[PDB]
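Presented below, as structure tokens, is a lone chain in the form deposited in one PDB entry.
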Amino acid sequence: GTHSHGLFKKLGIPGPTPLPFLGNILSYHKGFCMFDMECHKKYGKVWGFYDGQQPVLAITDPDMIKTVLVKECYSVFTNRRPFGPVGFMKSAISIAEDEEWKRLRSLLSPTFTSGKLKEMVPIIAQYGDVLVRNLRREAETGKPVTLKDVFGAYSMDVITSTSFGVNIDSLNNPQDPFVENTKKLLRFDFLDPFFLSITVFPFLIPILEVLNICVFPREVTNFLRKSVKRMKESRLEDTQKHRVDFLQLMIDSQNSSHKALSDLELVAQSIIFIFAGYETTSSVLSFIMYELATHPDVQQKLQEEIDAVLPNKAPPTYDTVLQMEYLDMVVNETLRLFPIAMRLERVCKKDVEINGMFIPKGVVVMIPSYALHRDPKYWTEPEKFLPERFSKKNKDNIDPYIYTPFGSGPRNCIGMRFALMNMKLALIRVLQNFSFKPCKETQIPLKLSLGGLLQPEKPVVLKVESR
């Protein structure tokens, strides 16, 4: 009942007093972010709470966050919190643990070098132009535009081609088999009834694993396992058309210290890259277009910067993307306000003392990225969208352990450079062509979901006018 609930009381650590069985989950009625903000204001730099019987220790000091995320990563803080049932997706790099993770991360890093990314840019840019043609169709018809639909389709297009060589105008092929299945790989709402039920009954996870029940929908993982094997074969026959997708890069890796990726592991990476990058990219893109529609001066400045680097609507390149400083500032400032991961977490696998504080074995150590991104101690007027924060002049005062939209240390976002390049390539191609102005039905100011995902209450709709 109150089996594990005496922990933070004994260590002297403050927090919200838990209820038997539930722990503190009734406090999630306003979402993770409002709960972490409120805990921070009340209890200060460190506090504890219980997801059911699972103790979670929140930390906010940048030197102590560096010890967890960086310094003692391989020794103590290696793994994220177990969730399940995951079935074979246990072999996905984001879910693997200890030596399996370290091996998988070693096997996959060459797949995310800037050289392989530079090679993928011509593919991504192709669907930037596809986004423009579809944006135009909805702009020449004066009609408000749902960002997540048009950015969802773009993120989908980039995914299908950069991971499998599958080239699809998903917007206009919404019933292509590959689109209908990929659309289902959406991030998990850990506040929905099923996951809250598992949190309160974690002893039921083994029961679901043995019945082959799985949080990754069976129909979609089956479709991709057999889709991947069909590509694996057919790539061995017509072996002249060189490919630059993730699949091909992972196929070449098993043609080898460590063991090469097994065919099942490879399918698990392919699945988790999609899950990791699909709804995230489109969510961020939508948040950015919101800030630019509500800050027309910022939008004008960015469009001026783009036309200076790429005159006469010249196609963006790898090097010209990295050149655009205000674009980078706009992306970063949006990710400060909306760090869609919300939290970073590591399990404490050993009794440890770091920076002076004792951490018992088994605790989940949580870094509350949303709250730290909005803390007045590091960010003046934290609620205002102000890209000059990230000017090269002010970048000296920004702690890489307070601003963590992609995490930090060995287990950070492995697709970070890819996601940044992919979002900026879309942004340039869109802003070269259009301007984005509010509607009357634009939620101004935008409200966040009370749910377990960082996303707007109402969808973001805006008017799109052709330049």
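Here the rigid core means the biggest group of C-alpha atoms that line up within 1.5 Å when the two forms are laid on top of each other. Only residues modelled in both forms are compared. We number the residues from 1 along the sequence you see.
Modelling of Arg389 is complete across the other compared entries in which both of its neighbours are modelled; not even a third of them leave it out. Missing-residue comparison: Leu208 falls in the unmodelled set for none of the other PDB entries checked, so it is not missing from a third of them.
Missing deposited residues between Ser256 and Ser257: 4 to 9, all without coordinates in the entry. Two stretches are in play, 111 to 119 and 211 to 219, and the higher mean C-alpha B-factor belongs to 111 to 119. For the segment pair 134 to 142 and 379 to 387, the entry gives 134 to 142 the higher mean B-factor, averaged over Cα atoms.
Taking the deposited Cα B-factors for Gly415, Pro405, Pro438, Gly48, the highest one is held by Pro438. The top Cα temperature factor in the record, among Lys90, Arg336, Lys226, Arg343, falls on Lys226. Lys424: CA B factor lies in the lowest third for its chain, per the PDB record.
In this PDB entry, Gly23 carries a Cα temperature factor that places it within the lowest third of its chain's modelled residues. Per the PDB record, residue ranking by Cα B-factor puts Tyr401 in the middle third of the chain. In the deposited entry, the Cα temperature factor of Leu448 sits in the middle third of values across the chain's modelled residues. Annotation for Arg81: CA B-factor lies in the lowest third of the chain's modelled residues.
This next part talks about the form deposited in another entry, which is not shown.
Following superposition on the rigid core between the shown form and the other one, the residue from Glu353, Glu219, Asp98, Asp297 with a C-alpha displacement of 2 angstroms or more is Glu219, and no other.
After superposing the rigid core, the Cα of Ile123 is displaced by less than 2 Å between the shown form and the other one.
Core-superposed comparison between the shown form and the other one: the Cα of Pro85 travels 2 Å or more. Identified as moving between the shown form and the other one on the superposed core are the stretches 84 to 86, 189 to 192, 214 to 220, each made of at least three consecutive residues whose Cα atoms shift by 2 Å or more.
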